[PDB]
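Order-wise, the sequence lines are chains j and 2.
Residue numbering for the first sequence follows the entry's author numbering, starting at 1 and increasing by one per position.
Residue numbering for the second sequence follows the entry's author numbering, starting at 1 and increasing by one per position.
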Amino acid sequence: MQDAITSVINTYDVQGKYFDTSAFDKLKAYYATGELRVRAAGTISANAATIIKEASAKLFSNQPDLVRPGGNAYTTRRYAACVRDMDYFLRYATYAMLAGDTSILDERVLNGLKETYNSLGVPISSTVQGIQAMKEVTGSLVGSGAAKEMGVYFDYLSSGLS
Amino acid sequence: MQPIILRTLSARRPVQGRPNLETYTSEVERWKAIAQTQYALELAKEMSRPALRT
């Protein structure tokens, strides 16, 4: 995977350049947000089960057909797979927020996910709605700045699915 | 031996051949179509179920 620092390093390595002022500015921008990212990741980890429960409640309230017979979240196994998927999304969004870069979302989550969901009959729009529900709950839990930061990676996930 | 005994009497049936059955065959085909519809309806009910909800 790639973080913000490795992203900058790679952009300068492909050009064979030593760091200039702008690179050091970008690195300072990343180092300046490190304490905020760490506090956000700790808070999210402490309350991840609560976030998943609240966001799944919101998703299934807005779309009750999902958990009724015929819906893709109707069986104990499909409901479990759905909430497990949401737990994965929250965890990897935390990984990317801590890394300051969306590369891990591509590498381990989004690559092949839309094809997988199409091949399984998983509704894409409903999964995007669940991601938005996690966005809302997580933001309420982590506060303004950390919420704006986690929003970037939640939106990256939603865009990758949409 | 002088009683009149008749041996070879002609039969009831005529000498002609078998009449053709095209109209009967058509009505039988109609019955077949009606019977096929009642099974095709069930299989069609099967065709209109959702895709990946096993």
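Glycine included, every Cβ here is placed at the ideal spot set by N, Cα and C.
- By the neighbour-count definition (other C-beta atoms within 10 Å, threshold 16), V28 (chain 2) is an exposed residue.
- The alpha helix (DSSP H) runs of length 4 or more contained entirely in the stretch 69–133 of chain j are, from start to end of the chain, 76–99 and 113–120.
- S61 (chain j) and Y30 (chain j) have their C-alpha atoms some 38 angstroms from each other.
- Within the model, the alpha-carbon separation for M134 (chain j) versus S159 (chain j) is close to 15 angstroms.
- Neighbourhood of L120 (chain j) in chain 2, by CB distance below 7 angstroms: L52, in chain order.
- Between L161 (chain j) and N47 (chain j), the CB-CB gap reaches or exceeds 8 angstroms.
- For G143 (chain j), the closest Cβ of chain 2 is not nearer than 8 angstroms.
- Sequence-distant Cβ neighbours of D106 (chain j) in its own chain, meaning closer than 8 angstroms and more than five residues away, are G160.
- Between the C-alpha atoms of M97 (chain j) and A41 (chain j) there is a straight-line separation of about 8 angstroms.
- Around the beta carbon of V8 (chain j), 16 or more other beta carbons lie within 10 angstroms, which makes this residue buried.
- Of all alpha-carbon atoms in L59 (chain j), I52 (chain j) and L120 (chain j), the one lying nearest the alpha-carbon of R91 (chain j) is that of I52 (chain j).
- By the Cβ neighbour-count rule, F89 (chain j) is buried, with 16 or more other Cβ atoms within 10 Å of its own.
- What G112 (chain j) touches in chain 2, judged by beta-carbon distance under 9 angstroms, is nothing: the nearest beta carbon there is about 17 angstroms away.
- Using a CB distance cut-off of 8 angstroms, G70 (chain j) counts as an interface residue toward chain 2.
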